[PDB]
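So the structure is just underneath, and the comments pick up after that.
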Amino acid sequence: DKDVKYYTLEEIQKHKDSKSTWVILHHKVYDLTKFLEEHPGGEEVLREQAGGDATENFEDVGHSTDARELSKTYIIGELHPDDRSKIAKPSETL
Ligand code: HEM
């Protein structure tokens, strides 16, 4: 309802295909479907992971303050509170 868009891991994991490039960057779900080409860094790097923990890759690069605010402009919602209370630890990677 209501609030933000609390999406579950599995749901977000569907959103990586053809044309719904979601990513989760620090507990927050961003649709970047219309940002792919705009991204001063490119579509592919975005589309590589998609529907999942692009936090790792995002923070590897670190990203500027600008990008952080610009994330908010693309914010659709958050990780479902269920998993949020228990971010039992990702199997990892890359
Ligand atoms: C909320 C989503 C994101 C936003 C709003 C965003 C925004 C930006 C912005 C503004 C820059 C410019 C950096 C600069 O001026 O130095 C940038 C660069 C870049 N981003 Fe992102 N980004 C996002 C997610 C990602 C993710 C998840 C990846 C990796 C999978 C990625 C990889 C890169 C890379 C590699 C560059 C720089 C490439 C180069 O060296 O020229 N970004 N991003």
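Residue names in the structure tokens use chain letters A, B, ... in the order shown, residue numbers from 1 in each chain, and ligand numbers from 1 in the order shown.
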Considering only C-alpha atoms and all ligand atoms, tabulate each residue of chain A that lies at most 10 Å from ligand 1 along with its nearest interatomic pair and the corresponding distance in Å to one decimal; arrange the rows by chain and ascending residue number and present them as CSV.
residue,atom,partner,partner_atom_place_in_ligand_line,distance
A:22,CA,ligand 1,2 (C),9.1
A:23,CA,ligand 1,27 (C),6.7
A:24,CA,ligand 1,27 (C),8.1
A:25,CA,ligand 1,1 (C),6.7
A:26,CA,ligand 1,1 (C),9.7
A:28,CA,ligand 1,1 (C),9.0
A:29,CA,ligand 1,1 (C),8.5
A:30,CA,ligand 1,1 (C),6.0
A:31,CA,ligand 1,1 (C),8.1
A:32,CA,ligand 1,2 (C),6.7
A:35,CA,ligand 1,5 (C),8.0
A:36,CA,ligand 1,23 (C),9.2
A:38,CA,ligand 1,7 (C),9.0
A:39,CA,ligand 1,8 (C),5.7
A:40,CA,ligand 1,11 (C),4.9
A:41,CA,ligand 1,36 (C),4.0
A:42,CA,ligand 1,33 (C),7.1
A:43,CA,ligand 1,31 (C),8.7
A:44,CA,ligand 1,30 (C),8.1
A:45,CA,ligand 1,30 (C),4.7
A:46,CA,ligand 1,30 (C),4.4
A:47,CA,ligand 1,30 (C),7.2
A:48,CA,ligand 1,30 (C),6.5
A:49,CA,ligand 1,30 (C),6.3
A:50,CA,ligand 1,30 (C),7.7
A:52,CA,ligand 1,27 (C),9.5
A:53,CA,ligand 1,27 (C),8.3
A:54,CA,ligand 1,27 (C),4.6
A:55,CA,ligand 1,27 (C),6.3
A:56,CA,ligand 1,27 (C),8.0
A:57,CA,ligand 1,29 (C),4.9
A:58,CA,ligand 1,27 (C),4.5
A:59,CA,ligand 1,27 (C),8.3
A:60,CA,ligand 1,29 (C),8.4
A:61,CA,ligand 1,35 (C),6.2
A:62,CA,ligand 1,20 (N),8.6
A:63,CA,ligand 1,13 (C),5.8
A:64,CA,ligand 1,13 (C),5.8
A:65,CA,ligand 1,10 (C),8.3
A:66,CA,ligand 1,10 (C),5.7
A:67,CA,ligand 1,7 (C),4.0
A:68,CA,ligand 1,5 (C),6.3
A:69,CA,ligand 1,5 (C),7.3
A:70,CA,ligand 1,5 (C),4.6
A:71,CA,ligand 1,1 (C),3.7
A:72,CA,ligand 1,1 (C),7.2
A:73,CA,ligand 1,5 (C),7.8
A:74,CA,ligand 1,1 (C),6.6
A:75,CA,ligand 1,1 (C),7.7
A:94,CA,ligand 1,30 (C),9.6
From a DSSP pass on the backbone, collect the residues of chain A flagged as helix (DSSP H, G or I) and hand them back as a PyMOL selection string.
-> chain A and resi 9-14+43-49+55-61+65-73+81-84
With a distance cut-off of 12 Å and only C-alpha atoms, select the neighbouring residues of residue A:83, excluding the residue or stretch itself and same-chain residues fewer than 2 positions from it, and output the selection as a PyMOL selection string.
-> chain A and resi 6-10+27+78-81+85-90
If you run DSSP on the backbone, which residues of chain A are strand (DSSP E), as a ChimeraX atom specification?
-> /A:22-25,28-31,75-78
Would you please work out which residue, of A:91, A:51, A:1, A:84, is nearest to residue A:17 when using only C-alpha atoms?
->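 Selected residue with least distance to residue A:17: A:51.
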At what distance in Å, to one decimal, does atom CA of residue A:12 lie from atom CA of residue A:77?
->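 It comes out at 10.6 Å.
Between atom CA of residue A:16 and atom CA of residue A:92 lies a distance of 17.6 Å.
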